[PDB]
Amino acid sequence: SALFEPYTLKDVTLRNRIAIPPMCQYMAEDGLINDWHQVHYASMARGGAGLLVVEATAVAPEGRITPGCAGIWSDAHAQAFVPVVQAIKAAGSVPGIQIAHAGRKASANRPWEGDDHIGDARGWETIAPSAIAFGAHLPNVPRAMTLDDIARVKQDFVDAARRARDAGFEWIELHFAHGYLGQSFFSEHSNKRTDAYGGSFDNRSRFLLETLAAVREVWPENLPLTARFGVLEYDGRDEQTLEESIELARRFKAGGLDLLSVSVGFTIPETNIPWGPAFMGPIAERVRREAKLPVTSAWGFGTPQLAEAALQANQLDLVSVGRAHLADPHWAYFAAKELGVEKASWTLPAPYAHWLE
Amino acid sequence: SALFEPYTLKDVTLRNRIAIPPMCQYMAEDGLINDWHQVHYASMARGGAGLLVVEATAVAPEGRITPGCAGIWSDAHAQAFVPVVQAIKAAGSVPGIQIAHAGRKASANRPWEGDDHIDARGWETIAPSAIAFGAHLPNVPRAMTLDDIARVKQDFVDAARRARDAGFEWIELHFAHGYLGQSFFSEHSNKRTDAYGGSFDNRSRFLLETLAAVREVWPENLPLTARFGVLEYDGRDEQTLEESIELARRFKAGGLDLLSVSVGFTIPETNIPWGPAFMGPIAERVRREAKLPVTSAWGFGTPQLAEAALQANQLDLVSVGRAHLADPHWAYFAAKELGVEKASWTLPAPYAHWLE
Ligand SMILES: Cc1cc2nc3c(=O)[nH]c(=O)nc-3n(C[C@H](O)[C@H](O)[C@H](O)COP(=O)(O)O)c2cc1C
Ligand SMILES: Cc1cc2nc3c(=O)[nH]c(=O)nc-3n(C[C@H](O)[C@H](O)[C@H](O)COP(=O)(O)O)c2cc1C
Ligand SMILES: C=C(C(=O)O)c1ccccc1
Ligand SMILES: C=C(C(=O)O)c1ccccc1
Ligand SMILES: [Cl-]
Ligand SMILES: [Cl-]
Ligand SMILES: [Cl-]
Ligand SMILES: [Cl-]
Ligand SMILES: [Cl-]
Ligand SMILES: [Cl-]
């Protein structure tokens, strides 16, 4: 079963091709994680997945999506992640983390408490390339960033990467997708700047390439440096947007990116996304083949046969399974059993495996 | 769905009828639990089960089944349970614990390391009589004196007291599966001629005296339960079952709040008819004749089987063990499988919102 093939990238070996993608828990307070996250991540790690990417972690307080989002903007925040790393490693899984800045989609309520912008002593001004609201349920207009804002946020990403390294993460992912800060710099929908960071393809790519280059300097060369990146919007410009996105991926690769998590942009709400099980499969394959970068992707791979089929077709190097690990922390064990893998129960630690054969 | 109906017993209310039975993890060190147990228990509790009974916890070092078994024979051992209790409560589940003495079946290797009598890690075992279990447990126990019986009863009391102070809201005496209490009740293993063997009253005495002693420190408003093997499948089933139900009646008169109905496993010469929910009709008969609430286990991981046993009034609580090892969130799976409305809110909000 290709799903249960190990995977080596730089000095890191994953015991199988199942990755748990980042999924915010909306349970931290002032960015500090707690007992919720500890049990949550240690449990999925024991489930058998080879890689576990911790949820989107803000590099700065205004970079949080919500007041419940994890943060790593101070050394105290970094230290709280230390026992999460040790517990993921102790389970045999690889700890990774996604560091993020929500840009103009920040200052929002938790999804089960409105899922929209905060009107309210809990709100904060947001920043983005240009002062243009997302629209829909995020109508707050962001402040357009100055050159000093750009230098500061890049340094936040560097500090977040450095803290992540020192906490023991072995895998880092820059959040350049889903309409957040990095994504909003790349898209013409959101970036109307006329300085060095807007207009041309080179200028729109600049924020992302510079942030990657700064992180490359503190992130160890022997540990995978990856990014999640929205390569099309389904906005009626997909062939053009896909071509630019793949070219940027080529510049990511020249800049030391080791793997790309292929996603959708979500930069604006006026879209027609063709949701379906594994619908990203063919987009990720094209990115993998044209930019010659390993990839992962997500959405609907919780059906084990779909995950297997995506790997055997070389559309993916890793399969990311999110909501299914929320439903079942031990989904990897379910998948090994579902795919007839030999000694499927030994995907779990011995206190479970011995009794489930 | 009756499986997702709350249940009240003394001052404790369970949010549904799903109980996680005690399941030893073989991951403790000299009886001390650690980060393995903390995440193991907090995760299953977040899965939605209403009651979570912590694994068999030794009241004394020689009462461990294996060297990886939890213990509660000191205050340091009890304090280690505090964060497990608190995490179970924080998830909305009820923490219980099974306190135990393995008797003549102790000093054994972990199931994945031989599963047989133990080597510098072994120890002398005690039992009513100096008679080995047999099979892969051939070490002969030391027969207990009256002073031994007084010691072990006080161990159960001290364990109950520690359990209370750690915050458990539900206690289970392990009088099943061939361990010390079970071996005192069975004629197969109890050949004593003093006040603790021979007649039915004498064979019951240790169990009734341990229960009464535990009752003195265990709060009256928190469920006091026991797990008890009511038959052996040893060719003496109607006689054994009738005696076992009689003892259950005396347990009830002695303050037992619920009975976890199991098989004795006192000797190896048996023909147990394993099958899905096979204990159902045994538990129903005990429930009806002893007029006590009951739970039972073995094969209720099929949600429809759990629902059927509750609707038939064979059980008050359904114990689901191995399915919660495979899937810590089994309660949510059972809710979805049985068409329960807002099934995803069996889980906490960070999960429930996304599974609607
Ligand atoms: C609760 C939840 C939180 C999410 N948080 C993040 C996040 O922190 N970062 C991210 O890039 N994607 C996030 N996602 C998207 C997932 O990583 C993934 O792309 C998506 O769930 C599709 O995979 P699935 O079908 O296996 O769930 C989130 C999804 C869910 C359900
Ligand atoms: C790993 C494991 C450990 C167990 N440990 C205990 C224990 O500590 N005490 C006990 O009385 N029963 C113990 N049992 C029995 C379970 O409580 C339960 O009755 C049995 O597994 C049947 O239920 P199930 O079919 O849902 O797993 C254990 C079973 C397993 C598989
Ligand atoms: C943080 C998220 C992201 O990266 O878009 C997210 C959060 C909830 C659902 C989907 C995605
Ligand atoms: C401690 C146990 C018991 O109560 O007999 C146990 C341990 C392993 C498997 C079944 C049961
Ligand atoms: Cl564009
Ligand atoms: Cl490649
Ligand atoms: Cl399963
Ligand atoms: Cl008998
Ligand atoms: Cl009754
Ligand atoms: Cl499920």
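By convention in this document, chain letters (A, B, ...) are assigned in the order of the sequence lines, proteins followed by strands, and residues within each chain are numbered from 1. Computed from heavy atoms alone, side chains included, the values below leave out hydrogens, waters and symmetry copies.
A donor atom on one side chain and an acceptor atom on the other are found under 3.5 Å apart for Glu172(B) and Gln98(B). For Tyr196(B) and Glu209(B), the side-chain atoms include at least one donor-acceptor pair closer than 3.5 Å. No side-chain N or O of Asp75(B) forms a donor-acceptor pair with one of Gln79(B) less than 3.5 Å apart. Using a 3.5 Å distance cut-off with no hydrogens or angles, the side chains of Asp237(B) and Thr240(B) do not pair a donor with an acceptor. In this structure, a donor-acceptor pair under 3.5 Å is absent between the side chains of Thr270(B) and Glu232(B). No hydrogens or angles considered: a donor-acceptor pair under 3.5 Å links the side chains of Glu62(B) and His101(B). The closest side-chain donor-acceptor pair between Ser319(B) and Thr295(B) falls under 3.5 angstrom.
Side-chain N or O atoms of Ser93(A) include none that pairs as donor or acceptor with a backbone N or O of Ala45(A) at under 3.5 Å. The backbone N or O of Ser129(B) lies less than 3.5 Å from no partner atom in the side chain of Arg104(B), so there is not a single donor-acceptor pair. Of the possible donor and acceptor atoms, one in the side chain of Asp316(B) sits under 3.5 Å from a partner among the backbone N and O of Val294(B). In this structure a side-chain-to-backbone donor-acceptor pair under 3.5 Å is present from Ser107(B) to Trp123(B). Side chain of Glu55(B) to main chain of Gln25(B): a donor-acceptor pair is present (N/O by atom type, distance under 3.5 Å, no hydrogens or angles). With hydrogens and angles ignored, the 3.5 Å screen pairs a side-chain donor or acceptor of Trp218(B) with a backbone N or O of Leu222(B). Side-chain atoms of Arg110(B) never come within 3.5 Å of backbone atoms of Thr66(B) as a donor-acceptor pair (strictly under, hydrogens ignored). Although no hydrogens or angles enter the test, the distance criterion places no donor-acceptor pair under 3.5 Å between the side chain of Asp158(B) and the main chain of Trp73(B). Checked by atom type and distance alone, the side chain of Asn16(B) never pairs as donor or acceptor with a backbone atom of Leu3(B) at under 3.5 Å. At least one donor-acceptor pair under 3.5 Å links the side chain of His329(B) to the backbone N or O of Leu326(A).
Remark: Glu337(B) CD to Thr302(B) OG1 distance equals 8.5 Å, nearest 0.5 Å. The NZ atom of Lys153(B) sits 6.5 Å away from the OG1 atom of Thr210(B) when rounded to the nearest 0.5 Å. Atoms CG and CG, from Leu173(B) and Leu207(B) in turn, are 9.0 Å apart once rounded to the nearest 0.5 Å. Note that the OG atom of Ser296(B) and the CG atom of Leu315(B) stand 6.0 Å from one another [nearest 0.5 Å]. Put simply, CG on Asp115(B) and OH on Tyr26(B) are 7.0 Å apart, with the number rounded to the nearest 0.5 Å. To the nearest 0.5 Å, atom CD1 of residue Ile118(B) and atom CG of residue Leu137(B) are 10.0 Å apart.
Between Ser43(A) and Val39(B), the shortest heavy-atom contact is N-CG1, 3.8 Å. Of all heavy-atom pairs between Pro276(B) and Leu305(B), the closest is CB-CD1, 3.7 Å. The shortest heavy-atom contact between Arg203(B) and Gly197(B) is CG-CA, 4.2 Å. In plain terms, the two heavy atoms of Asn139(B) and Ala132(B) that are nearest each other are O-CB, 3.7 Å. Of all the heavy atoms in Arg162(B) and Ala78(B), the pair that sits closest is CB-CB, 3.6 Å. Heavy-atom minimum distance, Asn34(A) versus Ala28(A): ND2-CA, 4.2 Å.
The local environment of CG in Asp35(B) is sparse, with at most 12 non-hydrogen atoms from other residues, nucleotides or ligands closer than 6.0 Å.
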Do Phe206(B) and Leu180(B) pass the side-chain contact (heavy atoms from CB on, under 4.5 Å) test, and can you show the C-alpha distance, the side-chain angles, and the key distance before you say yes or no? CA-CA 9 Å; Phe206(B) 180 75; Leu180(B) 194 61; 3.8 Å; yes
Show the numbers, then the answer: is there a side-chain contact (heavy atoms from CB on, under 4.5 Å) between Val263(B) and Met279(B)? CA-CA 9 Å; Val263(B) 167; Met279(B) 291 292 298; 3.7 Å; yes
Derivation of the side-chain contact (heavy atoms from CB on, under 4.5 Å) call for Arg121(B) and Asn109(B): CA-CA 9 Å; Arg121(B) 294 179 317 125; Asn109(B) 283 282; 2.8 Å; yes
Where do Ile245(B) and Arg285(B) land on the side-chain contact (heavy atoms from CB on, under 4.5 Å) test, with the steps shown first? CA-CA 9 Å; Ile245(B) 292 179; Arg285(B) 184 179 159 178; 4.0 Å; yes
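Ionic pairing of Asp194(B) and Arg205(B) is not present here: no N-O contact between side-chain nitrogen and carboxylate oxygen is shorter than 4.0 angstrom. For the pair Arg151(B) and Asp155(B), the salt-bridge criterion is met [side-chain N within less than 4.0 Å of a carboxylate O]. Under 4.0 Å is where a charged nitrogen must lie from a carboxylate oxygen, and between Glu246(B) and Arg249(B) at least one such pair does.
The shortest distance between side-chain heavy atoms of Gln182(B) and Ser262(B) does not fall below 4.5 Å. Annotation: side chain of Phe133(B) is not in contact with side chain of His188(B) (no heavy-atom distance under 4.5 Å). Counting heavy atoms from C-beta outward, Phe4(B) and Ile18(B) have side chains that approach closer than 4.5 Å. With contacts defined as side-chain heavy-atom distances shorter than 4.5 Å, the pair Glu216(B)/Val157(B) does not qualify. Counting heavy atoms from C-beta outward, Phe81(B) and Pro95(B) have side chains that stay 4.5 Å or more apart. Between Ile20(B) and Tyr41(B) the shortest side-chain heavy-atom distance does not fall below 4.5 Å. Here the side chains of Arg192(B) and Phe184(B) are in contact, with some heavy-atom distance below 4.5 Å. Between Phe333(B) and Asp328(A) the shortest side-chain heavy-atom distance does not fall below 4.5 Å.
Remark: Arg46(A) qualifies as a cation-pi partner of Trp36(B) under the 6.0 Å distance and 45° angle criteria applied to the six-membered ring.
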Could you list the donor-acceptor pairs under 3.5 angstrom formed by side chains in residues 349-357 of chain A, with sequence neighbours left out?
unit_1	atom_1	unit_2	atom_2	d
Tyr352(A)	OH	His40(B)	ND1	2.6
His354(A)	NE2	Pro111(B)	O	3.2
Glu357(A)	OE1	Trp346(A)	NE1	3.1

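In this structure, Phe185(B) has its ring center closer than 6.0 angstrom to the ring center of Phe200(B).
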